[PDB]
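In what follows, a single structure is set out as structure tokens and then discussed.
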Amino acid sequence: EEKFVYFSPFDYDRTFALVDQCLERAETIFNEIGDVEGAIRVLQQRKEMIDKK
Amino acid sequence: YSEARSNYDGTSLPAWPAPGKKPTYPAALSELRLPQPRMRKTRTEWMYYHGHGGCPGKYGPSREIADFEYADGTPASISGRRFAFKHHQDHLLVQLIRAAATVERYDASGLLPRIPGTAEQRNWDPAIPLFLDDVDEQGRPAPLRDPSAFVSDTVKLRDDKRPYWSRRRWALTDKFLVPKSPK
Amino acid sequence: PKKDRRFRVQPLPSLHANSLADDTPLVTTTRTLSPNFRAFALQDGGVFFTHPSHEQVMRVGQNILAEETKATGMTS
Amino acid sequence: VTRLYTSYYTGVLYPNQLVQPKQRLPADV
Amino acid sequence: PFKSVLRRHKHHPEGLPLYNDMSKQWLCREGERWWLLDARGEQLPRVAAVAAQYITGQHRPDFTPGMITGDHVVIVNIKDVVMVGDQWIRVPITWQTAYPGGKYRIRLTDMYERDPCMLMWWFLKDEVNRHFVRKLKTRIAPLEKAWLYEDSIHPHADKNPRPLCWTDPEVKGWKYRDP
Amino acid sequence: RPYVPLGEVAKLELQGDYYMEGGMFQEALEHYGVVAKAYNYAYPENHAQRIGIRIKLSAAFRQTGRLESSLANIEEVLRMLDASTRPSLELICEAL
Amino acid sequence: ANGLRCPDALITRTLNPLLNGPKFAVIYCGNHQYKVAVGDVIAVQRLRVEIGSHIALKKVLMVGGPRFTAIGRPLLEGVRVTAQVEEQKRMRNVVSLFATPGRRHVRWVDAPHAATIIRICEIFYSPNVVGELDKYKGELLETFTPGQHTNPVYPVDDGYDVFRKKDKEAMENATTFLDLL
Amino acid sequence: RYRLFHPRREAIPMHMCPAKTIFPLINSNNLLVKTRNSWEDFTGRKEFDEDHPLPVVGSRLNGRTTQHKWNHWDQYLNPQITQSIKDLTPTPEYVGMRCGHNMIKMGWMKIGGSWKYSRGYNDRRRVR
Amino acid sequence: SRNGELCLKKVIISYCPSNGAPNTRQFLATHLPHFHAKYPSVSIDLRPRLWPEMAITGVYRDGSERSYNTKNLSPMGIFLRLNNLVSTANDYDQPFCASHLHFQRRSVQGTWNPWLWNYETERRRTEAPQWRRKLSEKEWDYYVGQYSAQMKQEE
Amino acid sequence: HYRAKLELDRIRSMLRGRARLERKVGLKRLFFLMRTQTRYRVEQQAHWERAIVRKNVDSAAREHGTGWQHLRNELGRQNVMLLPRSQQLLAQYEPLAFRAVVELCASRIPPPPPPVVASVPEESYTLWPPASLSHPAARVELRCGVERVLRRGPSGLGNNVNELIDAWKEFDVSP
Amino acid sequence: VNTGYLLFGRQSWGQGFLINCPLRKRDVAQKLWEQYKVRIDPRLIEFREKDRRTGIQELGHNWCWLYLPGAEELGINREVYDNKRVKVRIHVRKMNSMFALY
Amino acid sequence: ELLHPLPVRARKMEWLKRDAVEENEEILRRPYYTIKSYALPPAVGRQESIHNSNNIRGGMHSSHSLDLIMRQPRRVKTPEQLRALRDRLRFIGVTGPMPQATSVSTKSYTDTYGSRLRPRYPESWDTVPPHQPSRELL
Amino acid sequence: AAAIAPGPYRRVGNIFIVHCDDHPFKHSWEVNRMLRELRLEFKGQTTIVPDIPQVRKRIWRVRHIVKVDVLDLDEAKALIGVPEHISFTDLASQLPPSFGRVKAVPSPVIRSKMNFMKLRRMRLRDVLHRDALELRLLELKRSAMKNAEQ
């Protein structure tokens, strides 16, 4: 397990976690109001964030 | 400024009595079931008493309290050892809670026996009673209508000697015996 | 294995078993300057001792010396 | 042998334990 | 080398120094005080112990092993010193001369015949050597701070020896255990 | 800086968000109240831990039904992030 | 220093001048206890502190002046010991050398001992005293008077013991002054 | 005395840590559990303030570290930095030359080590 | 850092701008401005040269030089040896021992001298029933009572 | 085999003639010396030095008519926790304080009570709610916390507890 | 009880052949129950004169006496060696810390 | 070989080992459980009577405050009060649903701030939070 | 009142605090196996174990090493501030399994792969998070393109 050591990004930078659930909340609100383009924009930004990490 | 705590809350007993009354003192006797040795408490026992381990450097106030503040009151930081110590200190609690949980679901499931000790302890020790139900323990029932009377424990401290100060009792007390070392 | 050469503490008078009873400390110090050390009780549970200073104690020593040597005079 | 960690055990020194600085907003902005 | 090969010797006419009069780095006489030990009735070995510790400098709180600072003990009345039971008659003093015939086994009584003072000197030697053997200057230097006078007449009135008030805590008589 | 026993109030603060995380908000609110008075006194203008704890305090007000109080507090947090030299990139994110 | 405090006034005015002048403290730091003066410099085991910082020390075992001594049972409250971090450095190498006679393996282990070197600035003390404390009989003495000895002390000569060793007669009859007056 | 009589209740004093440590609010009614549940999961020291930064002083996991040689991932991303032949290191599974002795029945021994157990090794080396 | 003043004055950093061994150039790039902004008082002099000395060097305010070998050492390590340069006044190396914990010895009350506790003698808690004393009448009666008692039982 | 020739080659100056002149002889001397002192330091001097410390504290007690044998016990009893090294420092550099310790021991002054088991408040057992409020146990423990905040030194927070609890109402905008 | 011979083993330090934890009447009666399944009141046991003062305490062959109280009701005579007594035979063997107790 | 006798205090300590062992086995012969009522104090009947007569006369022991907790009446005196307290108790970190039919718009910490985000704790010596929340999910 | 207490009656067990006073390398491997089951390694270690019969079967065999103390569960509830209406079963149900040295696994290799799997579940947690996001984004784009074309 010394070769497989993994550290989750939701720990070592809290900024990423913050912006992540930030966008999750945003996306939920977009689902409730009925904005499709907005929701797609938000999930795209979130995906790009996570694989940037 | 400075910190003195014996407790997590910081509380204590009322360390000083009312003026003009008698103080309560700790028992100085080492805590032992047998009354006869009567032995004063060791320094180590006094440290066990006062809420340390045996040593000044464990479990007391001398660990839990930060070595230093800053001037403005900004406290210290968490050492690897501090965090490890907190883990140990919670390891004791987890241990205790799990043990208690096991006891509780054991007497929920009803596996706690009404007979004290295991079978190995039962056939080692003639203290634990025989738990026989419908018979008397010793043969058949005793009639309903003092061992020491015939048992002699009298320790003879000084061995009685042979009367050389009397001529007749010297030869009348003669022991006819030949010393033999084992071959 | 070698003989132990570390320094040994002197033997100390044996207790009469009175010490075993609680409220009786087994340190017996009742000495000349004893009454001057005044004990006060802090709120902490710690104590507070009031004592004469260094030069006061030594001045007392000097007075006792002079007072023992007033008779026969002072030797070198 | 296997450790039970029954007694007190100090942690290991390991690179995840580095003191990681906080990101700062730039000066001009 | 540091310590020289040409060394002060007993046959060498320069003679052997007295550490009381010597001035050396590890010898401090400034803060010493004089004691008076009356040996009437007290056991020889015990007196030897107490004297050894005043002499050595161990009775001080600031005592340091390499720094020899003693108090002068005037041990008075060696003649009245009490050795318990048969011991005067039974306790050996053994030394080995290097030559054919290496045994002198000599009773306390004989040493007491020759000099009473030598008995106290002997047990002082023992109680000092119990903590210091491996260096000669640490063995020999303390012993000269004993003044052994076998009765109540001593030259030392001028030092005003303070009576050393001591009671032996040990209840039982001394016991000779030497392998 | 003026002496405040920050160790004690910090302990108080983490007890605070244990209360908040534990699903009881009113009590986290009073806790943060105490500690925020402490930081308000101990630190200079627009310091990081000051605005930090009133971020937490806005969060506490918001959960208990004092919404407008939360709004006011968080806007004050914003205008304090405004006047800071170089604020933490984490704090501005958490704030907004 | 904020002065000593007690519900009794006489004891406060008595012990107020008692606390003035240089104070030494006994400090527990990293399992090492230190005698601490105002201008003293200590080397404590490594503290994680920026250089030139300003520090208060929490664990304080004992505090005393030329006049008073406050003995902490295990610790004291109210003590302000303010020091200043001066250096952080590794001190003179202790070289340990491990070699087994049977094996050809030699291990050279250097131990520079890391340390934080501390200069001290203030020692202030402000106790809260409850009352006068009788030490021969255990009690809190209710009324306090300075002039009378709390526990008076008596000489040992009965005449009963012939073999009691006589220390000089001026040592045995010596009465000691009243300090608090 | 080394035989001590006292309840072993004090070998583990609980005075210092109540359940308020592991259960943050237990005097209330919710049983939240905050346990720091290993010695491994320590994230690190971090500052209480901006005002009092944590000092920079190194350990042997810090102070003794060599310069970075380009591995195979860094030369895959950015071929710009493959500048010379030393960057051309082979498959990482290659450790180096055989640096020691495979001594039968005792481990891999060291060159310039204890040869006491080499009898079998020496005899095997020269060759129902 | 004594009385609000850093004891370090110069840091000598020599390096080769074109040749090889990038670590020092890394250090100049990413870790140096973080050091200079934190400790502004320390004059850092850079020495570009063809065959560079690969050691870092501090110069202190008593005229003391202190140096650390940086050859193929990571810039993290170099940064750390630098911060090790600042944190020392370079005055001494005392061992860490019990006698070296306190740099100078001081007594607030005073030092023990043989004569301060010398003139004290042992004392008694409660005052003595002196052997030679004039017996009161109750005392006469009690003691004569005792003597007559033991004489009576003996006879 | 590593014998550490290249470090110890620099030390020879501390050896006398035959060893400082010829290399191998000197290296054997230094290897021997350092291994010896290492061994000794780890297992023995620890005992020698604490023996010295015990001796000093004991004699310092002897001046006061008692000894180490009682003093140890009653520094244990009254929960003072002075290490013997510190007792030596007090005996040598502050005789009056050491004396004060000795007469704290010899007095009958009750030693401090054993540390208290942390106890449940009564208000934990009050059901909440009974039938925008705080659990009473929570506000009581809040009280207990604020008091210990006000307990450490003087501060600009004041000494009055109540309004310091109620301090959350000053950050509250009244609707 | 007399036919049976109760094996006993313990730890011995020092020079002559002594047990550093001497026997008493509560653990003689214990061995009886442990290997002979004989249940008696331990106060019926009496030691030898030499062993009353120190306990049993010596290595090797020791004997002790058990008082069997009631029989003249049963007319027990000449079919036993004596009507009130059994020689309880103990053998104490020294064993190391591995195999011994106490 | 072993030549000189064992000193007296050594075998004294060995005797102390013996009755330490015995002290253990007495504990082992105590029952597995104890039948207690609801309203009485937890220490009513107790095995320590002779232990209290022998060691406990006037001296204050280390277990004092705890014993003071024992020698007062139980604070939950009836089963109805027990279940009336116990039903009120809530479990925060529990797995699965939690009843909310009462008021919907009171949000817990999790459905506000998510499962991956803990609040920033002030981190210092005497306040030490759990580090690395992602570890504990086994 | 010279009468039996009115019941409902509760049954409260015990808890053994076990302390190791002797070196285990002095003793046989069976005694050592028993000490291992009591979770004691060295001299000076202290452990808390249940009062169930098996444990007594273990403590009986090592009693010349171990010294024991007993706490019934009311006393254990007292030793730690624990409200009495709260049992230990719920308290055990709250605390995480992920606690250090969680299981007794039979050999060190298995231990190693237990920790390894602990890390693997972390990686799969984050990967499944991201992949779930990709899934939902894919569905939003699908519904968007379908609603846009139609």
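In this document, chain identifiers A, B, C, D, E, F, G, H, I, J, K, L and M correspond to the written order of the chains, with residue numbering beginning at 1 in each.
To be clear about the criterion, a residue touches a chain if its C-beta (ideal position, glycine included) is under 8 Å from a C-beta of that chain, and two chains touch if they have at least 3 such contacts.
Between subunit E and subunit J, the least number of touching-chain steps is 1. Comparing chain C-alpha centroids with the centroid of the full set of protein C-alpha atoms picks out J as the closest. Subunit H and subunit J have Cα centroids separated by 30 Å. Rounded to a whole number, the gap between the C-alpha centres of subunit E and subunit I is 41 angstrom. Note: centroid distance subunit F to subunit M, computed from Cα atoms, is 37 Å. Per-chain CA centroids place subunit D at a distance of 29 Å from subunit I. For subunit L, residues touching at least two other chains, in rising order: 16-17, 20-21, 23, 25, 28, 30, 32-33, 58-66, 69, 75-76, 85, 88-93, 120, 122-126, 128-129, 131-132, 134-136.
Subunit M has residues 11, 13-14, 46-48, 51-53, 56, 60, 64, 67-69, 78-86, 90-91, 94-96, 98-100, 118, 122, 125 in contact with two or more other chains. For subunit A, the set of residues that touch two or more other chains comprises 8, 10-12, 14-15, 18.
By the touch criterion stated above, subunit C contacts subunit I in their complex at residues 30-34, 53-55, 57-58, 60-61, 64-65. Within the complex formed with subunit L, the residues of subunit M that make contact are 5-14, 21, 51-53, 56, 59-60, 63-64, 66-70, 72, 74-75, 78-79, 83-86, 90, 93-94, 96-98, 102, 118, 121-122, 125. Taken in their complex, subunit D has these residues touching subunit A: 16, 20, 23.
Contact residues on subunit L toward subunit A in their complex (touch as defined above): 113-114, 116-117, 120, 132-134.
Contact residues of subunit J toward subunit F in the complex are 132-135, 138-139, 142, 145-146, 148-149, 152-157, 164-173, 175.
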